[PDB]
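*Asks:* Pasting in a structure now, in structure tokens, and then I'll have a few things to ask.
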Amino acid sequence: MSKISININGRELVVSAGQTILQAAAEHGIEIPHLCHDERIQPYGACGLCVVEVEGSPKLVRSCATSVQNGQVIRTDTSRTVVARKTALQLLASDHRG
Amino acid sequence: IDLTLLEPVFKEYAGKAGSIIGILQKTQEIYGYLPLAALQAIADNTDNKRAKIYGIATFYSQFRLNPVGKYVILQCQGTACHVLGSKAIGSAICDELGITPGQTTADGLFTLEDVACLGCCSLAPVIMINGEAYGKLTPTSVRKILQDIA
Amino acid sequence: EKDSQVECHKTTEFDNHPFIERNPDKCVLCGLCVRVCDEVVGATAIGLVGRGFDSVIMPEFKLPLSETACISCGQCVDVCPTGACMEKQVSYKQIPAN
Amino acid sequence: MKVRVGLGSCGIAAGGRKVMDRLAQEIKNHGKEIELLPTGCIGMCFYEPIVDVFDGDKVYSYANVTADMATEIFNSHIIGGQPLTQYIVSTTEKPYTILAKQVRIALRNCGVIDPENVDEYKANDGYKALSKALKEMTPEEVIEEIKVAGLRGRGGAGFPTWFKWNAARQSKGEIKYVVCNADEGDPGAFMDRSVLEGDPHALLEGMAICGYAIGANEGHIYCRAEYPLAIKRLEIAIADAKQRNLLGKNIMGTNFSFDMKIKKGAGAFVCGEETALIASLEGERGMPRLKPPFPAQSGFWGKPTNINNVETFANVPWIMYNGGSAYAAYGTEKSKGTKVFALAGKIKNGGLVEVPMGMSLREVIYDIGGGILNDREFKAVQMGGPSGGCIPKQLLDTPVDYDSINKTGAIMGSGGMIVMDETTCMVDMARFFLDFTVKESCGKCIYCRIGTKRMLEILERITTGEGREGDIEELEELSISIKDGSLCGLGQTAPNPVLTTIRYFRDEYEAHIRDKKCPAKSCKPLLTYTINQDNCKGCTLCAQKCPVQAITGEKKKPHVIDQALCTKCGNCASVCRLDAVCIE
Amino acid sequence: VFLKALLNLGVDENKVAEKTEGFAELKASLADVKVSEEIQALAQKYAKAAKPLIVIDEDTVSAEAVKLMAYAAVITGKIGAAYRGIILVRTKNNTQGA
Ligand code: SF4
Ligand code: SF4
Ligand code: SF4
Ligand code: SF4
Ligand code: SF4
Ligand code: SF4
Ligand code: FES
Ligand code: FES
Ligand code: FES
Ligand SMILES: [Zn+2]
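Residue numbers (the numbering used here), protein chains in the order written: chain A, 107 to 204; chain B, 15 to 164; chain C, 998 to 1095; chain D, 44 to 627; chain E, 463 to 560.
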């Protein structure tokens, strides 16, 4: 009732309250990187690859540990998130042997 | 070793939640360090999920896992005492004792450890020996004081 | 590509468990394995040790996984995103395959 | 006749018991009714052991006293009536010099009151603010007075304390907690220990007032286990206050009840953050969690919790007794009141200082600090601890307040201010601060766990003479990414020394990269020892003192130092009587 | 007059100077325009609205009115993002296709 509808990456999506933005994007086929996320346990917030840009919040919000509201605008491929994920993956690759 | 004292202690603490820290502090106060047998005997009889007590014991910046000498040396490596030349004092201690930080002497009378800050930055550089502080230290002074202790 | 100035800690591990294979070099410290083994299985056969670079996930009291309370359920294997935790081979000679 | 002895964690470092018992022994040897009282450090730890003798209405301080000096004092002044003027630096008519420009609010009772006895605190208008708040005034009025005084958090963030108090009050819950963050892990910062060992009763009164304002009944002090005198005096304080109905059930005949407990921390720097402190208090591994929920909504054991450092709780009774307008009269329009600073480093007069905000930093270093030690030149000043920044000489007139020092790239921190002369290199100091951050990282997120070590490797390469071209660019990009990616404030403020020492001392990095020379002559790899052929005459005195024998030359002829063999130990310049060994 | 009333309510001139061509000439053209009460009320209602939409019927509105509405949306910064803009309904089914 009173459909919780969000706008992510320019598109309009209908979702369910109490979820995470990562779950909603997976439901509607939008790819957001994640490493320390599992829907059956509590969020951890370690990797940082799940950061998205939400209008109204000056800092990056993790889509694995935030709840969907009504009428929020989300961007997942801005330059700031891209360079953050690039830095995190460069730091991860600096210790991985195989 | 003395599991019986570990015993009055664990009896006393079995109740409050979050008592792992206090249990480890009293165990260190009794033994001077944490042997594996004491950690096992604490991980049992009050559970706390044996991996968890070990993980807590390792982190926490203070839980010494090895025996030490009679006198415990705490060189100040804070910013104020490092500015005034803590490195020279540390090199003097390392040369005169033949041990590095984190090690104990062969006869087990001195042990060298690093501390965040003494807090007596007015007397910098500072060292602690068994709760007695020496400040405004030159390498000759620390050499003389360790010969006097020895 | 790797430069020689930075260090990647090379391990000489030996965990001859008949079902579970661990490799600390490929770990990304996402913490999914320890979180699952504690909050779901409840055995807590593994845990974190150390700080900073020295942080490493290893069994209880650094003992082999066979000597601890492990159940060999394989949930830590099934939630790992990299090759650090692997299940052993059912076939005659297992392979990387689709 | 009454005498105070200025024992503390600094008095033990120079004198300590060596004085007091000797004085006590002298009293026992003479039988005169002399009140010998234990008091904390006043703030002039450059003269300790501090001794104060009160001849009538006159106060005499002729400190820097040993056991022989103490016996001389007893035989000359307390019996003969003759002060020893060759040791006096402060009297009643000639007193607070360094203390003349200080407005002491949280440090009002430090060095004055016996911390182990509540009667002296009561005699100094103590627990009157608690009585006023309990008997005359409502908790909403308490939060209003805190807001009117403009109280900001005396930690690194400078958050308005009234906002936290109000948020904790409006939080739903039958049980609430008040936790005092006494765990400050900043090197060079010792305001907490001084306050605890000088006036724990002010901290207890402020915590009780906060508990009445929010409605909490249980208090906690998370003090480090490495401060034994502080925890002993806190135990004495809670015993004395419980025996005087000041804490516990039915405080001063009012229906409000409040109790507190002492928790001994393990000494983790990450526990300075609020959520990590909560995790440590619950007996788990101290690791920051994700906000929201904030501790004011769900903190200790899931209950609402208000967390503030010791200095605000010490300031609260003074503003409650004097009024919020009186505290608002000090400071600036955006930072009202007073702040404590731990002043140390390359300075003449070190110790604990207290200044109103808005004062220029030049006044702090020169007017009260006495200038630079050994009359050298002022070069920099580190503020905010190893997560802070290094303010250069060109910004020496910046007023000390949160926004002004935030504009310079530094932070307030707990109040650790270290003075740096021209003889200390900024590259090595950035390496030192980054090493301290690396050692104290909890290793949860990728950025603080990996990037701090990478930047430490880069700084080590620069300081060992292996710095390559482009290392500054790598440093600044790593610093920006680490600041943007960390979870808690430990990793966010971690690259502050690295960035700031760039922005004001980039040339030194260039001198460390393209020249392999350290201008401050501190990096032993970057040192080069040469012998002036003009100003020394062939004595072979340095070469004999070199077991490396990197010096070659004939007698009565100038000597040449082999740079490929020299291990740069410094013994070949200390024994030089003609001072011809040049360090370049 | 509506445009002038919207301008007098404190629009950001720097952003509309950066993103548009000819803003200064338009501002100079509306320099001597007086504002009525009803226009002021409508301009206030549009200004305090966080996410205002404009629905223009193409059957009964001239093109220059549509241009002026687009100008009003552009100078206030309420265009080019979600839940904010101009909705234009066409006369026929596939007028947009034509
Ligand atoms: S196999 Fe199961 S019980 Fe064993 S470590 Fe993995 S998750 Fe824990
Ligand atoms: S799940 Fe795999 S990658 Fe993640 S922490 Fe455990 S072993 Fe490492
Ligand atoms: S496939 Fe994945 S786990 Fe295996 S070596 Fe490559 S990065 Fe590591
Ligand atoms: S920034 Fe550093 S201290 Fe903070 S959570 Fe991450 S690793 Fe731990
Ligand atoms: S500084 Fe030390 S190693 Fe170098 S030449 Fe002199 S004595 Fe030898
Ligand atoms: S000690 Fe001084 S004067 Fe003597 S040889 Fe060495 S540099 Fe020359
Ligand atoms: S998936 Fe790791 S921070 Fe959210
Ligand atoms: S930091 Fe070294 S004595 Fe305080
Ligand atoms: S004990 Fe030295 S200043 Fe306080
Ligand atoms: Zn150098």
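Positions of the beta carbon are idealized from the N, C-alpha and C atoms, including for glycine.
1) Quick one: grab the DSSP three-state call for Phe356(D).
2) Measure the Cβ-Cβ separation of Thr495(D) and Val470(D) and say whether it is below 9 Å.
3) Give the DSSP-derived three-state secondary structure of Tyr255(D) in the structure shown.
4) Leaving out the 5 sequence neighbours to the left and right, which residues in its chain are closer than 8 Å to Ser300(D) when beta-carbon positions are compared?
5) Taking 8 Å as the cut-off, is the C-beta of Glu91(D) nearer than that to any heavy atom in ligand 9?
6) With burial defined as no fewer than 16 other Cβ atoms inside 10 Å of the residue's Cβ, what is the status of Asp577(D): buried or exposed?
7) Can you find a heavy atom of ligand 1 that lies under 8 Å from the Cβ of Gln1072(C)?
8) Please list the residues of the region 56-79 of chain B that have a C-beta atom closer than 7 Å to any C-beta atom in chain C, keeping them in chain order.
9) At the level of alpha carbons, what is the spacing between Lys600(D) and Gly508(D)?
10) To the nearest angstrom, report how far apart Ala55(B) and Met330(D) are at their CA atoms.
11) Going straight from the alpha carbon of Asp157(D) to that of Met498(D), what length do you get?
12) Hey, which residues come within less than 5 Å of ligand 7, measuring from Cβ to any heavy atom, in chain order?
13) Assuming contact is defined by CB atoms lying nearer than 9 Å, are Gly83(B) and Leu123(B) in contact in what I supplied?
14) What does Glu500(D) touch in chain C if you count any residue whose Cβ is under 9 Å from its own?
15) Taking only beta-carbon positions, decide if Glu161(A) is within less than 9 Å of chain E.
16) Taking 9 Å as the cut-off, decide whether the C-beta atoms of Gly310(D) and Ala268(D) are in contact.
17) Give a yes or no on whether 9 Å exceeds the smallest Cβ distance from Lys307(D) to chain B.
18) Mapping DSSP to helix, strand and coil, what is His263(D)?
19) Give, in chain order, every residue of the region 30-50 of chain B whose Cβ lies closer than 9 Å to some Cβ of chain C.
20) For the region 139-157 of chain D and the region 74-92 of chain D, state whether three or more C-beta atom pairs, one from each stretch, are separated by less than 8 Å.
21) Between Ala543(E) and chain A, is the shortest Cβ-Cβ distance under 9 Å, so that the two count as touching?
22) Once DSSP output is grouped into helix, strand and coil, what is the label at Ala113(D)?
23) Could you check the C-alpha separation between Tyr547(D) and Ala423(D) for me, to the nearest Å?
24) For a test of the three-state rule: what should DSSP assign to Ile574(D), helix, strand or coil?
25) To be precise: take each residue of the region 119-141 of chain B, compare its Cβ to all Cβ atoms of chain D, and keep it if any distance is under 7 Å. Which residues remain?
26) Under 9 Å between C-beta atoms, does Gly1039(C) make it to chain D?
27) Under the rule that 16 or more other beta-carbon atoms within 10 Å means buried, what is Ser214(D), buried or exposed?
28) Just to confirm before moving on: does the CB-CB distance between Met44(D) and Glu69(D) stay below 9 Å?
29) Can you list, in chain order, the residues of the region 468-498 of chain D whose Cβ is nearer than 7 Å to any Cβ on chain C?
30) Rounded to a whole number of angstroms, what is the C-alpha to C-alpha distance between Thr135(D) and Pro139(B)?
31) Are the beta-carbon atoms of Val353(D) and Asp235(D) separated by less than 9 Å?
32) Leaving aside the five residues before and after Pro562(D) along the sequence, list all residues of the same chain whose C-beta is less than 8 Å from its C-beta, in chain order.
33) What are the boundary residues of the alpha helix (DSSP H) that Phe548(D) is part of?
34) Just mark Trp361(D) as buried or exposed, buried being the case when its beta carbon has 16 or more other beta carbons within 10 Å.
35) At a CB distance below 8 Å, what residues from the region 526-539 of chain D approach chain A? Give them in sequence order.
36) What are the residues in the region 129-144 of chain A lying within 8 Å of chain C by C-beta distance?
*Replies:* For this structure:
1) helix
2) no
3) helix
4) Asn260, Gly291, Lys292, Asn293, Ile294
5) yes
6) exposed
7) yes
8) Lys63, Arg64, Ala65, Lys66, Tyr68, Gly69, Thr72, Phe73
9) 32 Å
10) 26 Å
11) 48 Å
12) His140(A), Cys142(A), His143(A), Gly151(A), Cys153(A), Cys156(A), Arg168(A), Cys170(A)
13) yes
14) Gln1002, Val1003, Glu1004
15) yes
16) yes
17) yes
18) strand
19) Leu50
20) yes
21) yes
22) helix
23) 10 Å
24) strand
25) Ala130, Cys131, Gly133, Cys134, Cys135, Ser136, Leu137, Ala138, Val140
26) no
27) buried
28) no
29) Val481, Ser484, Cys485, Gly486, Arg492, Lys496, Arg497
30) 33 Å
31) yes
32) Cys468, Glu551, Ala554
33) 539-556
34) buried
35) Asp527, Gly528, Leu530
36) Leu141, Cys142, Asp144
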